[PDB]
Amino acid sequence: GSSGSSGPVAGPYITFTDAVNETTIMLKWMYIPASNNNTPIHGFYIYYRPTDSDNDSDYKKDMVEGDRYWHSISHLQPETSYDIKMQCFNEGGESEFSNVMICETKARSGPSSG
């Protein structure tokens, strides 16, 4: 077709963002084949970082099966509202950067409930 950037461009789109725990978060992404080149994906990368961070330098990367549309992040900060995003990749090349989803974790409660 065109000449420039090959691979899955459409990129995935996050349509679900919730906090499984004070240090855990569950987010699900969707795939739009319509505007896709029916190309096979290697997996799924997920970036995350606390708003307290300095720059992307913090943003991490979590690979996930290409057939997986769900991922539960861990080792996060409690009641910490930070931006979250993800992106897929394949032999062809990395896809576009998904949208920025703000998923606020749960409050780090104590042993005594109120």
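The count begins at 1 with the first shown residue.
Cβ from N, Cα, C; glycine included.
As given in the PDB entry:
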- 1-7: cloning artifact (SEQADV)
- 109-114: cloning artifact (SEQADV)
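Straight from Swiss-Prot, the features:
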- 8-108: domain 'Fibronectin type-III 3' (DOMAIN)
- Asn21: N-linked glycosylation site (CARBOHYD)
- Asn55: N-linked glycosylation site (CARBOHYD)
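In the three-state DSSP scheme, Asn55 (N-linked glycosylation site) is classed as coil.
Sparsest Cβ environment among the glycosylation sites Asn21, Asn55 (other Cβ atoms counted within 10 Å): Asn55. Each residue of the cloning artifact (1-7) gets a DSSP state, and the totals for helix, strand and coil are 0 helix, 0 strand, 7 coil. Taking CA atoms as the reference points, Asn55 (N-linked glycosylation site) and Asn21 (N-linked glycosylation site) are 25 Å apart. Across the cloning artifact (109-114), DSSP assigns 0 helix, 0 strand, 6 coil.
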